[PDB]
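Colleague: The following block contains the structure, expressed as structure tokens.
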Amino acid sequence: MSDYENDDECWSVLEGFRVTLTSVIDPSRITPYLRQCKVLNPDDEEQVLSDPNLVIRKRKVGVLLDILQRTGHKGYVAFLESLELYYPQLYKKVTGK
Ligand SMILES: [Zn+2]
């Protein structure tokens with residue numbers, strides 16, 4: 001069991017994509033998927049679903065990534081999974097494969 005992660009590298013790359021990520025990704029849509037991957041907390045699910053309209057989405061996903069970094073690279077893998085599942089063309093941009 002290690003103290004902290006070095007995945008600040010992984011999530012600072014997503015900052016370079018944040019302008020697209022926070023616009024295209026539905027954070028409230030994938031809340032049970034992120035908890036299934038054990039990268040989202042029950043309290044944070046309640047706080048993301050607190051917006052029924054999701055017109056504030058471009059703030060919501062940005063604050064979501066802040067919380068997901070704290071699960072290390074596992075949040076980043078479950079992130080790329082949610083992209084590969086729901087948004088194929090966005091996934092190809094973010095991973096760049
Ligand atoms: Zn990493």
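Numbering starts fresh at 1 for the residues of each chain in the structure tokens, the chains themselves are lettered A, B, ... in the order given, and ligands are numbered from 1 as they appear.
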Tell me, counting only C-alpha atoms and all ligand atoms, for each residue of chain A within 6 Å of ligand 1, which pair of atoms is nearest and how far apart they are in Å to one decimal, in rows ordered by chain and increasing number, as CSV.

Modeller:
residue,atom,partner,partner_atom_place_in_ligand_line,distance
A:7,CA,ligand 1,1 (Zn),4.2
A:10,CA,ligand 1,1 (Zn),4.8
A:73,CA,ligand 1,1 (Zn),4.3

Colleague: The selected residues should be written to file as a short mmCIF file (atom, residue, chain, number, x, y, z; two decimals), in the first residue's frame (atoms: C-alpha atoms).

Modeller:
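For reference, out39.cif as written:
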data_model
loop_
_atom_site.label_atom_id
_atom_site.label_comp_id
_atom_site.auth_asym_id
_atom_site.auth_seq_id
_atom_site.Cartn_x
_atom_site.Cartn_y
_atom_site.Cartn_z
CA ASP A 7 -1.07 10.26 -11.72
CA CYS A 10 -2.27 11.39 -16.39
CA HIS A 73 -4.82 5.60 -12.54
#

Colleague: So that I can see what lies close to region 26-31 of chain A, please list as a PyMOL selection string the residues with an atom at most 12 Å from it, counting only C-alpha atoms and leaving out residues fewer than 3 positions away in the same chain.

Modeller: chain A and resi 20-23+34-65+68+78-79+81-83+85-87

Colleague: Go through A:33, A:3, A:24, A:19 and flag the residue nearest residue 89 (chain A), using only C-alpha atoms for the distances.

Modeller: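 Ranked by minimum distance to residue 89 (chain A), first place goes to A:24.
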
Colleague: Would you mind reading off the distance between CA of residue 5 (chain A) and CA of residue 88 (chain A), one decimal, in Å?

Modeller: 28.1 Å

Colleague: Please indicate the distance in Å from CA of residue 84 (chain A) to CA of residue 69 (chain A), rounded to one decimal place.

Modeller: 19.1 Å

Colleague: So that I can check the secondary structure, give me every residue of chain A assigned helix (DSSP H, G or I) by backbone DSSP, as a VMD selection string.

Modeller: chain A and resid 8 to 15 18 to 24 31 to 36 42 to 48 57 to 71 73 to 86 88 to 95

Colleague: Print the selection's residues with C-alpha atoms to a file, as a PDB file, in the first residue's frame.

Modeller:
ATOM      1  CA  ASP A   8      -0.987  14.109 -11.696  1.00  0.00           C
ATOM      2  CA  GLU A   9       0.771  13.429 -15.087  1.00  0.00           C
ATOM      3  CA  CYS A  10      -2.272  11.387 -16.387  1.00  0.00           C
ATOM      4  CA  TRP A  11      -4.969  13.938 -15.261  1.00  0.00           C
ATOM      5  CA  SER A  12      -2.994  17.130 -16.323  1.00  0.00           C
ATOM      6  CA  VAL A  13      -3.088  15.687 -19.908  1.00  0.00           C
ATOM      7  CA  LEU A  14      -6.944  15.562 -19.575  1.00  0.00           C
ATOM      8  CA  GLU A  15      -6.749  19.323 -18.684  1.00  0.00           C
ATOM      9  CA  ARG A  18     -11.018  19.654 -20.627  1.00  0.00           C
ATOM     10  CA  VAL A  19     -12.622  22.189 -23.085  1.00  0.00           C
ATOM     11  CA  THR A  20     -14.053  19.156 -25.057  1.00  0.00           C
ATOM     12  CA  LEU A  21     -14.451  16.631 -22.125  1.00  0.00           C
ATOM     13  CA  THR A  22     -16.687  18.884 -19.946  1.00  0.00           C
ATOM     14  CA  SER A  23     -18.832  19.777 -23.048  1.00  0.00           C
ATOM     15  CA  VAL A  24     -19.400  16.218 -24.504  1.00  0.00           C
ATOM     16  CA  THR A  31     -22.565   7.783 -12.151  1.00  0.00           C
ATOM     17  CA  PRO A  32     -23.564   3.982 -11.544  1.00  0.00           C
ATOM     18  CA  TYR A  33     -20.811   2.964 -14.065  1.00  0.00           C
ATOM     19  CA  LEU A  34     -18.134   4.983 -12.144  1.00  0.00           C
ATOM     20  CA  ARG A  35     -19.333   3.554  -8.740  1.00  0.00           C
ATOM     21  CA  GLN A  36     -19.298   0.022 -10.361  1.00  0.00           C
ATOM     22  CA  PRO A  42     -22.023   7.601  -3.125  1.00  0.00           C
ATOM     23  CA  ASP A  43     -21.981  11.226  -1.727  1.00  0.00           C
ATOM     24  CA  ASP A  44     -20.347  12.553  -4.954  1.00  0.00           C
ATOM     25  CA  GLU A  45     -23.038  10.693  -7.035  1.00  0.00           C
ATOM     26  CA  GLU A  46     -25.753  12.624  -5.056  1.00  0.00           C
ATOM     27  CA  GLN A  47     -23.815  15.912  -5.670  1.00  0.00           C
ATOM     28  CA  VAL A  48     -23.439  15.268  -9.491  1.00  0.00           C
ATOM     29  CA  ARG A  57     -22.225  20.227 -17.287  1.00  0.00           C
ATOM     30  CA  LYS A  58     -19.047  22.165 -18.332  1.00  0.00           C
ATOM     31  CA  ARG A  59     -18.356  22.829 -14.594  1.00  0.00           C
ATOM     32  CA  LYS A  60     -19.707  19.370 -13.399  1.00  0.00           C
ATOM     33  CA  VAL A  61     -17.237  17.113 -15.384  1.00  0.00           C
ATOM     34  CA  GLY A  62     -14.277  19.427 -14.465  1.00  0.00           C
ATOM     35  CA  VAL A  63     -15.043  19.119 -10.700  1.00  0.00           C
ATOM     36  CA  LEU A  64     -15.646  15.327 -11.282  1.00  0.00           C
ATOM     37  CA  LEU A  65     -12.040  14.829 -12.709  1.00  0.00           C
ATOM     38  CA  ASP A  66     -10.661  16.625  -9.547  1.00  0.00           C
ATOM     39  CA  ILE A  67     -12.317  13.878  -7.375  1.00  0.00           C
ATOM     40  CA  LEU A  68     -11.484  10.946  -9.791  1.00  0.00           C
ATOM     41  CA  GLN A  69      -7.664  11.790  -9.631  1.00  0.00           C
ATOM     42  CA  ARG A  70      -7.800  10.752  -5.918  1.00  0.00           C
ATOM     43  CA  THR A  71      -8.482   7.078  -7.051  1.00  0.00           C
ATOM     44  CA  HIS A  73      -4.818   5.598 -12.539  1.00  0.00           C
ATOM     45  CA  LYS A  74      -7.976   3.413 -11.899  1.00  0.00           C
ATOM     46  CA  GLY A  75     -10.200   6.522 -12.314  1.00  0.00           C
ATOM     47  CA  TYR A  76      -8.280   7.266 -15.562  1.00  0.00           C
ATOM     48  CA  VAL A  77      -8.879   3.678 -16.897  1.00  0.00           C
ATOM     49  CA  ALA A  78     -12.637   3.779 -15.958  1.00  0.00           C
ATOM     50  CA  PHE A  79     -12.681   7.259 -17.642  1.00  0.00           C
ATOM     51  CA  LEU A  80     -11.218   5.800 -20.932  1.00  0.00           C
ATOM     52  CA  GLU A  81     -13.714   2.854 -20.555  1.00  0.00           C
ATOM     53  CA  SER A  82     -16.701   5.301 -20.312  1.00  0.00           C
ATOM     54  CA  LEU A  83     -15.356   7.047 -23.473  1.00  0.00           C
ATOM     55  CA  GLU A  84     -14.815   3.715 -25.383  1.00  0.00           C
ATOM     56  CA  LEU A  85     -18.395   2.627 -24.321  1.00  0.00           C
ATOM     57  CA  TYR A  86     -20.432   5.876 -24.831  1.00  0.00           C
ATOM     58  CA  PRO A  88     -16.016   6.287 -29.568  1.00  0.00           C
ATOM     59  CA  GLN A  89     -14.818   9.393 -31.572  1.00  0.00           C
ATOM     60  CA  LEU A  90     -14.101  11.404 -28.339  1.00  0.00           C
ATOM     61  CA  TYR A  91     -12.143   8.337 -27.005  1.00  0.00           C
ATOM     62  CA  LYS A  92      -9.930   8.292 -30.186  1.00  0.00           C
ATOM     63  CA  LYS A  93      -9.110  12.023 -29.546  1.00  0.00           C
ATOM     64  CA  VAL A  94      -8.356  11.680 -25.758  1.00  0.00           C
ATOM     65  CA  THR A  95      -6.190   8.458 -25.909  1.00  0.00           C
TER      66      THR A  95
END
